[PDB]
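Trainee:
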Amino acid sequence: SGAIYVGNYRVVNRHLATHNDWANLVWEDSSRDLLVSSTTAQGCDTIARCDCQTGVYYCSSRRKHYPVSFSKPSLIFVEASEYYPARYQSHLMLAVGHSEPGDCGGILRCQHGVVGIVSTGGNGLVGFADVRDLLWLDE
Ligand SMILES: CSc1cccc(CN2C[C@@H](C(N)=O)CCC2=O)c1
Ligand SMILES: [Zn+2]
Numbered sequence: 007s008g009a010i011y012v013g014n015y016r017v018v019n020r021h022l023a024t025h026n027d028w029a030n031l032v033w034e035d036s037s038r039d040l041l042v043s044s045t046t047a048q049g050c051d052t053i054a055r056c057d058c059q060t061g062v063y064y065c066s067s068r069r070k071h072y073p074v075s076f077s078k079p080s081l082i083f084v085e086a087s088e089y090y091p092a093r094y095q096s097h098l099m100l101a102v103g104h105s106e107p108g109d110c111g112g113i114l115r116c117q118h119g120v121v122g123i124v125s126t127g128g129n130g131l132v133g134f135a136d137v138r139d140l141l142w143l144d145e
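Under the deposited numbering, the first residue of the sequence shown is numbered 7, with each subsequent residue one higher.
(1) Ends of the alpha helix (DSSP H) at residue 26?
(2) So is residue 31 buried or exposed if we call it buried at 16+ other beta carbons inside 10 Å?
(3) So, at 6 angstroms on beta carbons, what are the nonlocal neighbours of residue 119 in its own chain, with the 5 sequence-adjacent residues on each side left out?
(4) Are the segment 95-106 and the segment 12-27 touching, with three or more C-beta to C-beta distances below 8 angstroms?
(5) Which residues bound the beta strand (DSSP E) around residue 116?
(6) Could you check where the beta strand (DSSP E) with residue 21 kicks off and where it finishes?
(7) Ligand 2 heavy atoms versus the CB of residue 54: any closer than 6 angstroms?
(8) To the nearest angstrom, report how far apart residue 128 and residue 26 are at their CA atoms.
(9) Is residue 81 near residue 72, with beta carbons less than 7 angstroms apart?
(10) Taking the straight line between their C-alpha atoms, what separation do you get for residue 64 and residue 46?
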């Protein structure tokens, strides 16, 4: 679990979105595993606007943050779940690091701000859904 709070918006993994998130829906993209809902309070998280490939993510299954090198956002094949059939997920970045399904939503940050949230991982892997291209989050 985990979410980004910026302005009048809440960014969550689409597969973890609640009934409240869907009744206050602003935008969703199944191919990215992202959903954005509107909120009654103002958020102060800062979204990074950069091409950083290094940062730190929160891993809830270890109660720890880990520094990682991560790939550029791209279409990567992801295996099936009760949430999705096997498919290409877009705007996804991989790093070598620990992750388990309940780790989805943990934030990845660089010196410029929030980069994305955990959404994948594998055998050692871990994947992050990028949010840096969502320029409208700031306005
Ligand atoms: C086996 S480690 C791991 C870590 C994070 C996530 C997963 C698998 N997964 C993929 C998600 C997606 N983005 O399609 C949907 C929900 C889900 O459980 C495995
Ligand atoms: Zn950066």
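Cβ atoms here follow ideal geometry from the backbone N, Cα and C, with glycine treated the same way.
Mentor: From the atom records:
(1) Element bounds for residue 26: 25-29.
(2) exposed
(3) Sequence-distant partners of residue 119 (beyond 5 residues in either direction) whose C-beta falls short of 6 angstroms from its own C-beta, in its chain, are 52, 53 and 54.
(4) no
(5) 113-116
(6) From DSSP, residue 21 is part of no beta strand (DSSP E); its letter is neither H nor E.
(7) yes
(8) Linking residue 128 to residue 26 through their CA atoms gives a straight-line distance of about 30 angstroms.
(9) no
(10) 26 angstroms
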